[PDB]
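This document starts with one chain, in the form deposited in one PDB entry, laid out as structure tokens.
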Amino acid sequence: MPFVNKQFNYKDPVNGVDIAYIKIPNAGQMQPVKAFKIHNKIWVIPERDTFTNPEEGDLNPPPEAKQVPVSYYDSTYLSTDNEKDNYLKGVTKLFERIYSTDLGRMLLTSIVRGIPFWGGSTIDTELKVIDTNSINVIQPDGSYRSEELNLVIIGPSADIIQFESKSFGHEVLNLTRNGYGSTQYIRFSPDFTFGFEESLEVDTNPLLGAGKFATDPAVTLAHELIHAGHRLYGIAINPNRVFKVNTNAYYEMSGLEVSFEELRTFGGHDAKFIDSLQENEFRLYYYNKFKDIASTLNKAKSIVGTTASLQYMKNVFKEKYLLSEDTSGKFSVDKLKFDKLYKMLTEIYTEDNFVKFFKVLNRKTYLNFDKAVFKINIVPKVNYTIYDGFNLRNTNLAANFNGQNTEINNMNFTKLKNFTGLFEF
């Protein structure tokens, strides 16, 4: 069964249900943008993100510096209807490629179940929604209705290749780290990809290689979806917790620090740089958060709003958090169940495991150096498919990851920028 029932076209008429002009409630003032609901709880906005961050409201290139050195600017990308149509089709195709794998079906199911907690009440006896976990949808009569959602895929902001799962903050609460969760906005483009090097000694050296192989963008989207899963379950690791990398002399020359949240998300050997003591600390911390959620639930005796029953919403959260329910109706956290869900979200859903399901070549570690950015077009089936990505069966591209080989499959990649040697190491 496909993940996305509808093969939307960008110019399909609005209907106020799954094709609609919307606003993001605390982006602040914005004009409505056309958006597409591709699955329960999941929307796609084919626009550059000038909305989620007040200080990132324009796309022009210039010299705030060339920092991060890995960056790419084009203020015109994703400004036309044809681009937006292709964006919507590309994103859809990547969701289908992900969903076609058992691991991706598991991850997307977890994401859909991961409704942001109704932790907005100032009154313990009432359960209430946090309104930054919604969008405002223009209805056919021109009025707005509030719709809760879990995930939005949106185009990148000024730096086209800066992909990220981000979310609106709360005055008091760290929603992504307190077990609550919050609606995630993933800046992403299917229209570009990264180069990497097939030899580890080259890929992890900042001075070598031009980016012979292209990352499959399904892996890149999966990576961001894994962050969104952490953040929807409120178990993201504070970016302040960093591996002050000491396993790569070039990282060390520039004092490069990599978050534990990134090492977790990559998985494989990288995750082992989070030591067992610190893993246990995080596991304890988050277990404690789930406990607070159970207590909050138990204290609630009425629901606020007319959307759903209080039993419906307690069941939603009992299912999300896999809570136990006692004879009196008290919720509790079962330690075996917590450890299993935590482990599913953090050890099973990893970039390294997706590479195994997609059978693609990929970076072997997050602790490498980016080589290049390429323009791509995955929408034509002659270029890329749900089942094979670039490595099309029964062609010269089927074997040896030849489809990802940008030299062999050169028609599918246009190098836009080299990053090798730009680095200060």
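Quick note: we count residues from 1 along the sequence shown, nothing fancier.
K.L.:
Pick between 322-330 and 137-145: the one whose mean CA B-factor in the entry is higher.
P.N.:
Per the PDB entry, the higher value belongs to 322-330.
K.L.:
Could you settle it for me: does 50-58 or 352-360 have the higher average Cα B factor in the PDB entry?
P.N.:
Comparing 50-58 with 352-360, the higher mean C-alpha B-factor belongs to 50-58.
K.L.:
If you compare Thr395, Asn400, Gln67, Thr365, which has the highest Cα B-factor in the entry?
P.N.:
Highest C-alpha B-factor among the listed residues goes to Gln67.
K.L.:
From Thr215, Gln311, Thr80, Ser167, which pick has the Cα B-factor that tops the rest in the entry?
P.N.:
Result of the comparison over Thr215, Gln311, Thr80, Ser167: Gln311.
K.L.:
Split into thirds by Cα B-factor across the chain's modelled residues, where does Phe282 land: lowest, middle or highest?
P.N.:
Answer is highest: the recorded C-alpha B-factor places it there.
K.L.:
Which third, lowest, middle or highest, does the CA B-factor of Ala372 fall in along this chain?
P.N.:
Ranked within chain, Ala372 CA B lands in the lowest tercile.
K.L.:
Splitting the chain's C-alpha B-factors into thirds, which one does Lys335 fall into?
P.N.:
Highest third - that is where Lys335 ends up once the chain's C-alpha B-factors are sorted.
K.L.:
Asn240's Cα B-factor: lowest, middle or highest third of the chain?
P.N.:
CA B-factor rank for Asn240: highest third.
K.L.:
When the deposited Cα B-factors of this chain's modelled residues are ordered and cut into thirds, is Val382 in the lowest, the middle or the highest one?
P.N.:
CA B-factor rank for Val382: middle third.
Omitted from view is the form solved in complex with a partner chain, to which the following refers.
K.L.:
Is the partner chain in the deposited bound form near all of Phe36, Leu78 and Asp191, within 4.5 Å of a heavy atom of each?
P.N.:
No, because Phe36, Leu78 and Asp191 lack any heavy atom that approaches the partner chain to within 4.5 Å in the deposited bound form.
K.L.:
May I ask you to check whether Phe282 falls inside a 4.5 Å heavy atom distance of the partner chain in the deposited bound form?
P.N.:
It does not: once the partner chain is placed as it appears in the deposited bound form, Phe282 has no heavy atom within 4.5 Å of it.
K.L.:
Verify the contact flag for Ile45: yes if a non-hydrogen atom of it lies within 4.5 Å of a non-hydrogen atom of the partner chain in the deposited bound form, no if not.
P.N.:
No - in the deposited bound form, heavy atoms of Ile45 and the partner chain never come within 4.5 Å of each other.
K.L.:
Look up in the deposited bound form whether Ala398 has a non-hydrogen atom within 4.5 angstroms of the partner chain, and give yes or no.
P.N.:
Outside the cut-off, so no.
K.L.:
Using the partner position in the deposited bound form, report whether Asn298 sits within 4.5 Å of the partner chain, counting heavy atoms only.
P.N.:
Judged by the heavy-atom cut-off of 4.5 Å, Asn298 is well away from the partner chain in the deposited bound form.
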